[PDB]
Engineer: 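Below you will find the structure I want to go over with you.
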Amino acid sequence: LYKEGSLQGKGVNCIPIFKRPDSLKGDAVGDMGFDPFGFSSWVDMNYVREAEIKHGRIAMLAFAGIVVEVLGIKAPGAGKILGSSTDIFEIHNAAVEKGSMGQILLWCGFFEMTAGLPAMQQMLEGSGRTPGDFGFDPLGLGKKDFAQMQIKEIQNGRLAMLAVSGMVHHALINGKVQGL
Amino acid sequence: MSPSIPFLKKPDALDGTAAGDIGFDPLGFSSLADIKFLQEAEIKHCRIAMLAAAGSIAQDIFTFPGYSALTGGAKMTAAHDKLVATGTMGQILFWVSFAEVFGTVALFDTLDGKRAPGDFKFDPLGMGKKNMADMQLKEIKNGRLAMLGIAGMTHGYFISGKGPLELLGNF
Amino acid sequence: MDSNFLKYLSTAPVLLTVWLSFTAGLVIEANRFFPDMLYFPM
Amino acid sequence: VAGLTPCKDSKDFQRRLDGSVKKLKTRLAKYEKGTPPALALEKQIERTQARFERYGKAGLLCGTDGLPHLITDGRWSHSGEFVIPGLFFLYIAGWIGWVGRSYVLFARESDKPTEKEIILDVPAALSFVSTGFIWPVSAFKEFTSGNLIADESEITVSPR
Amino acid sequence: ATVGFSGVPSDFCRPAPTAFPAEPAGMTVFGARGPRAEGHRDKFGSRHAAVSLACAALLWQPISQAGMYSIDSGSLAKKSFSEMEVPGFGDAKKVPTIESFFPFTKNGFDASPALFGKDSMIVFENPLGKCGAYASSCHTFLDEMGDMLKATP
Amino acid sequence: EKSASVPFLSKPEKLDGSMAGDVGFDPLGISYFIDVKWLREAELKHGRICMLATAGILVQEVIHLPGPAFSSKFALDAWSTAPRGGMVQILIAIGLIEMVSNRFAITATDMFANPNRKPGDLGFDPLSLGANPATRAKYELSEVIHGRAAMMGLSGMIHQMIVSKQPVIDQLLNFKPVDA
Ligand code: CLA
Ligand code: CLA
Ligand SMILES: CC1=C(C#C/C(C)=C/C=C/C(C)=C/C=C/C=C(C)/C=C/C=C(\C)C#CC2=C(C)C[C@@H](O)CC2(C)C)C(C)(C)C[C@H](O)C1
Ligand SMILES: CC1=C(C#C/C(C)=C/C=C/C(C)=C/C=C/C=C(C)/C=C/C=C(\C)C#CC2=C(C)C[C@@H](O)CC2(C)C)C(C)(C)C[C@H](O)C1
Ligand SMILES: CCCCCCCCCCCCO[C@H]1O[C@H](CO)[C@@H](O[C@H]2O[C@H](CO)[C@@H](O)[C@H](O)[C@H]2O)[C@H](O)[C@H]1O
């Protein structure tokens, strides 16, 4: 683990209010001694870690997409077909109507079925695969410090999850993702 | 691991010796079904789809005299329906079924291990004596591409009412 | 449940009463939903 | 038609229906509308009318008394009157008897047959109850295998 | 005590065999796995069942469209085999034929080489129509849940 | 000592965990008085019939056999509209199938007389998919879980059809909450 004992691992408590559960053994990346409800006792650690990475990645992509939509940056020809609305919910409904979101659903589900489900099943049957590992490093940015990249990915994904949730609810209240 | 899917382990039933075997079986259908049956099915689909795709393109280009009169200018699956009423599709199905009786016999020879999947010993021109493995890889690859292509052509026809080439000329 | 209580419930009069009450309910409900059946319908 | 008239077209049957409905309506005239007695009497009238109509359409024959009569001779036009009902009986009764006999033998080959007959072994009893659904073939199998009929020399009999 | 529904007759004092047949491991498609006579699986195995079924389908293809087809009138005309009259059978000029075994026309079924024909064809009815899971003309279950959550007393 | 499914209740003694889908769920203790072999045979038959029932209710709403008799999207109406002679033929065929598949051993006293007879194993493996020991256990668990899910789904489908008086897909697309 990168910065083991300081950033992550055993004896690390990001929130000293809650005691670092014994189940958190410091073996998993992103282990900062936060599990007040002690889910780690019963859950399947590898499955839940893969779930966390997937949630974070989707949330990061969603943050980028929502920010571009609110800023008004659109691909050539997207405005003519879908519309010029900046509201995320209106964009979602318009794309569902046209068929864009349906195709994205189809292909995301195909990727899930053919890659994520088999990989998850093998990992839970003890393949040894790192959670969230698909070998997708075409640009080779992770060769230098894979562990540092892993921790950065997990933390950025958590922050993106919280930010995306906040943005959606801000849009609900004020009509703005910022919520300023 | 799997050459095609690097992060997934190589399927157990796929040794890699068969033509077109790149370890692509994320869902593990080979672990469910006998791989000889699956290979026979894949080669069959490949050949049928290659003939179907070439037929769609060639029907767009040219139509035999008399068949145009009988089908009234209909194309693709509409030609299918018209010529079913005509009785020509009936003859095609009769003789294809006659072939497929011996196809069933050959399938059980394959499952008994005497026959390689898809090997009907049909090479009158002797094109496979030079490099049979190379030709087999070509056949499998072209057949997969033809399966995808016939899918695309038929669904484009369902969308537009136009054949492959007519669509490409009138997108 | 106590095995002795279960044996008591297995005693003949208890079983006869329960079985015949169940049969009476069966006949009563059959006549409640399909009444006045003097004949098999054919 | 056999010796009587169809009940769907008999003045006696119609008169009986009329009398029943008129009795119910006279009983109803003394109750406020929407009260439980009025609703009950109305439901009684509806049930009477439905019963009479269904009897009429059933193909039942009716005599001069205006009541349906049953032709229990074997005629297939009136099978539902005695034969099919009786086949259902025979099925259920053979079921009951077959399972009871099976339980008697099961208790016979036990440590305390009398205890098993007063305090039952309801798991085995339910087993036999289940078995009882093919009692005809089972009983015939017992008969032909010789496990049903006992020999004359193995059954106690009084002196002559 | 006794555990009921054992399935073992000796537990219930019922007749039973003494030596039960062993279960061989062999399968016939469109058949079952169980005791069989020696050579039964070899003679009447999956190959037998499948090839016999293929032959049956190939024979069904003529049978489904059975009938005297003639082009004497200048167009292909189908006439039931029952129309033909046969000499030498006394009163019965018209005699049973294949239509007796396969009465498709009587039941109003338009058979074809493949089971179904144009007149008698599988019916595909689109369930979706113009409905959508949410924010559609059709009021769906998800629409009901959204309306309920946004409702006003 | 305690059941896995219901922690406060004790583990059912007759459920030793050998059977697929065994989580120690037997609160009423049927296994104590009824042989688990009979219970599992019944469970598998129920689950298989309900798998087919759910598939049929969902499929025969979109695709039908030719004819006015078979043209009914509503399944309870199909029950009545389909040819009665055909339905009786299906009943007779099911009876013959039960007889032959169980090999004349169709009663609680003789069903498992043969030691070779296993709960739910009727000799049905036409394509021999169950001859692989590695996947056999997974297939067994999948079959049991599918039977359970399909049983619940079929019950829900039947009663929601009683209530709504519309097909399942039609109800979900045009939902109308119950009023009296
Ligand atoms: C539509 C196809 C599809 C499929 C097959 C999957 C599959 C999966 N997703 Mg999901 N996912 C999808 C689309 C899909 N996803 C999309 C579009 C998104 C948003 C972009 C996500 C976002 C997402 C996240 C964020 C996470 C998942 C997770 C998972 C995994 C756990 C769920 C599971 O196994 O349920 C299977 C069902 C059960 C175990 C029992 C319930 C049975 C239900 C009622 C029926 C399921 C129906 C099925 C999904 C319909 C499609 C069938 C078709 C493919 C043949 C699994 C690999 C989680 C995970 O653990 O990932 C590693 C996770 O964290 N997904
Ligand atoms: C709702 C109507 C109704 C009711 C309340 C009853 C009530 C009764 N019937 Mg039943 N019965 C009915 C309709 C009805 N019956 C009809 C429609 C028929 C015509 C088929 C019969 C024919 C019938 C017969 C033939 C007998 C009865 C007997 C009885 C009495 C004892 C049954 C018994 O102990 O069963 C529990 C079952 C057993 C104890 C097993 C042995 C007895 C059964 C009936 C044998 C069944 C199978 C056997 C092979 C049939 C051969 C019949 C042949 C010799 C004629 C009981 C009071 C029995 C009786 O009165 O005996 C003195 C009797 O023997 N009934
Ligand atoms: C066996 C044997 C022999 C032989 C032989 C024979 C007869 C061999 C015949 C071989 C044939 C017919 C091969 C056909 C391949 C067709 C393909 C790959 C089609 C792809 C279509 C695509 C990608 C597409 C598409 C498209 C889509 C999707 C939608 C469209 O809108 C657009 C578009 C068109 C682009 C001989 C006689 C030589 C003897 C020898 O001893 C052995
Ligand atoms: C075994 C075997 C073979 C085989 C085989 C076969 C034919 C296998 C077939 C398997 C099938 C048909 C399985 C079907 C499962 C259905 C389920 C679980 C439904 C669940 C529904 C639910 C939860 C629901 C619901 C719902 C309800 C109630 C309320 C609604 O508002 C919503 C909703 C609809 C969601 C073959 C022949 C290949 C041979 C091989 O050698 C051996
Ligand atoms: C193939 C030779 C097998 C010989 C063994 C047959 C033994 C028993 C045959 C019983 C008779 C067949 O049963 C039959 O009765 C029903 C009466 O409603 C018929 O019901 C229907 O049948 C016809 C369509 O198929 C229609 O023209 C009838 O109007 C209709 O009544 C069914 O056609 C069938 O269910």
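Just so we're on the same page: letters track the sequence lines, and every chain starts at 1. Reckoned from all heavy atoms, side chains included, excluding hydrogens, waters and symmetry mates.
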Engineer: Can you tell me how far apart CG (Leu172(F)) and SG (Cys131(E)) are? Round to the nearest 0.5 Å.
Structural biologist: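 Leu172(F) CG to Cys131(E) SG: 11.0 Å, rounded to 0.5 Å.
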Engineer: Indicate yes or no: at least one non-hydrogen side-chain atom of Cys138(E) is less than 4.5 angstrom from one of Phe175(F).
Structural biologist: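 They are not in side-chain contact.
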Engineer: Please confirm whether the backbone N or O of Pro127(E) pairs with a side-chain atom of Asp170(F), one donor and one acceptor, at under 3.5 Å?
Structural biologist: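 Checked: no pair found.
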Engineer: Please report the interatomic distance CD1(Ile122(E)) to CG(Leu65(F)), rounded to the nearest 0.5 Å.
Structural biologist: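 The CD1 atom of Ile122(E) sits 9.0 Å away from the CG atom of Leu65(F).
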Engineer: What part of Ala16(E) gets within 4.5 angstrom of chain F, counting heavy atoms only: side chain, backbone, both, or neither?
Structural biologist: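 The answer is neither part of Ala16(E).
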Engineer: Could you tell me which residues in residues 79-95 of chain F have at least one non-hydrogen atom under 4.5 Å from a non-hydrogen atom of chain E, sorted by residue number?
Structural biologist: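 Listed by number, there are no contacting residues, so the answer is none.
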Engineer: For atom CD1 of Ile71(E), is the number of surrounding heavy atoms from other residues, nucleotides or ligands below 6.0 Å larger than 12?
Structural biologist: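 Counting neighbours around CD1 of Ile71(E), 12 or fewer heavy atoms of other residues, nucleotides or ligands fall under 6.0 Å, so no.
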Engineer: Supply the atom-to-atom distance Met111(F) CE to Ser6(E) OG, rounded to the nearest 0.5 angstrom.
Structural biologist: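 These two atoms lie 12.5 Å from each other.
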Engineer: Can you confirm whether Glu38(E) is buried at CD, in the sense that more than 12 heavy atoms of other residues, nucleotides or ligands lie under 6.0 Å from that atom?
Structural biologist: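 Not more than 12 within 6.0 Å, no.
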Engineer: For residues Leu128(E) and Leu173(F), determine if any side-chain heavy atom of one lies less than 4.5 Å from a side-chain heavy atom of the other.
Structural biologist: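 A side-chain contact exists here, since the closest heavy-atom pair is under 4.5 Å.
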Engineer: When rounded to the nearest 0.5 angstrom, what is the spacing between CZ in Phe124(F) and CZ in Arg33(E)?
Structural biologist: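 Spacing of CZ (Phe124(F)) from CZ (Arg33(E)) equals 12.0 Å.
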Engineer: What pair of heavy atoms forms the shortest contact from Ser128(F) to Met27(E), and how long is it?
Structural biologist: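 Smallest heavy-atom distance, with atoms named: OG-CB, 4.0 Å.
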Engineer: Under a 4.5 Å heavy-atom cutoff, which of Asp110(F), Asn114(F), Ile63(F) has the most pairs with chain E?
Structural biologist: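 Winner by heavy-atom pair count: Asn114(F).
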Engineer: To the nearest 0.5 Å, how far apart are CG in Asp125(F) and OG1 in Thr28(E)?
Structural biologist: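 One finds 12.0 Å between CG of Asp125(F) and OG1 of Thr28(E).
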Engineer: Could you tell me whether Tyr134(E) atom OH has more than 12 heavy atoms of other residues or ligands within 6.0 Å of it?
Structural biologist: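 More than 12 heavy atoms, drawn from other residues, nucleotides or ligands, come within 6.0 Å of this atom.
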Engineer: Pick from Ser46(E), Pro21(E), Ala1(E): which one has the most heavy-atom pairs with chain F under 4.5 Å?
Structural biologist: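 Option with the top pair count is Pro21(E).
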Engineer: Side chain, backbone, both or neither: which part of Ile34(F) has a non-hydrogen atom closer than 4.5 Å to chain E?
Structural biologist: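 Both parts, backbone and side chain.
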Engineer: Please give me the minimum heavy-atom distance between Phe112(F) and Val8(E), naming the atom from each residue.
Structural biologist: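 Minimum heavy-atom separation between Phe112(F) and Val8(E): O-CG2, 3.9 Å.
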Engineer: Looking at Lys106(E), I want to see if its NZ is surrounded by more than 12 non-hydrogen atoms of other residues, nucleotides or ligands under 6.0 Å.
Structural biologist: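 Count not over threshold, so no.
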Engineer: Got more than 12 heavy atoms from elsewhere within 6.0 Å of OH, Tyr69(E)?
Structural biologist: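 Result for OH/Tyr69(E): enclosed.
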Engineer: Does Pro66(F) reach the side chain of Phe116(E), with side-chain heavy atoms less than 4.5 Å apart?
Structural biologist: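 Touching, per the 4.5 Å side-chain cut-off.
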Engineer: Are there more than 12 heavy atoms of other residues, nucleotides or ligands under 6.0 Å from atom CG of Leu28(F)?
Structural biologist: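 12 or below, so no.
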Engineer: Work out which heavy atom in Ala108(F) is nearest to a heavy atom in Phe12(E); give both atom names and the distance.
Structural biologist: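 Scanning both residues, the minimum pair turns out to be O-CE1, 3.7 Å.
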Engineer: Check each atom of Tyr32(F) against the heavy atoms of chain E and say whether the ones under 4.5 Å are side chain, backbone, both or neither.
Structural biologist: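 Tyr32(F) touches chain E through backbone heavy atoms alone.
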Engineer: Hey, what's the ring geometry for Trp38(F) with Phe5(E), parallel, tilted or perpendicular (30° and 60° as the breaks)?
Structural biologist: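 Tilted: the ring planes of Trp38(F) and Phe5(E) meet at 30° to 60°.
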Engineer: Are more than 12 heavy atoms, taken from residues, nucleotides or ligands other than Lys43(E), located less than 6.0 Å from that residue's NZ atom?
Structural biologist: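 Atom NZ in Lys43(E) is not crowded, with 12 or fewer foreign heavy atoms closer than 6.0 Å.
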Engineer: Which one, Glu144(E), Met121(E), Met148(E), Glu125(E), leads in non-hydrogen pairs under 4.5 Å with chain F?
Structural biologist: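 Maximum pair count with chain F is reached by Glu125(E).
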Engineer: Can you name the nearest heavy-atom pair linking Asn116(F) to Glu23(E), along with the distance?
Structural biologist: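 Scanning both residues completely, I find the closest heavy atoms to be OD1-N, 3.5 Å.
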Engineer: Of the backbone (N, CA, C, O) and the side chain (C-beta and beyond), which part of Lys73(F) lies under 4.5 Å from a heavy atom of chain E, both, or neither?
Structural biologist: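 When you check distances to chain E, only side chain atoms of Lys73(F) fall under 4.5 Å.
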Engineer: Heavy-atom distance under 4.5 Å to chain E: side chain of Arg103(F), backbone, both or neither?
Structural biologist: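 The answer is the side chain of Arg103(F).
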Engineer: I need the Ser137(E) OG to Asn174(F) CG distance, nearest 0.5 Å.
Structural biologist: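 Going from the OG atom of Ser137(E) to the CG atom of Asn174(F) covers 8.5 Å.
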Engineer: Is it the case that atom CE in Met84(E) sees more than 12 heavy atoms from other parts of the structure closer than 6.0 Å?
Structural biologist: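 It does not: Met84(E) CE has 12 such atoms or fewer within range.
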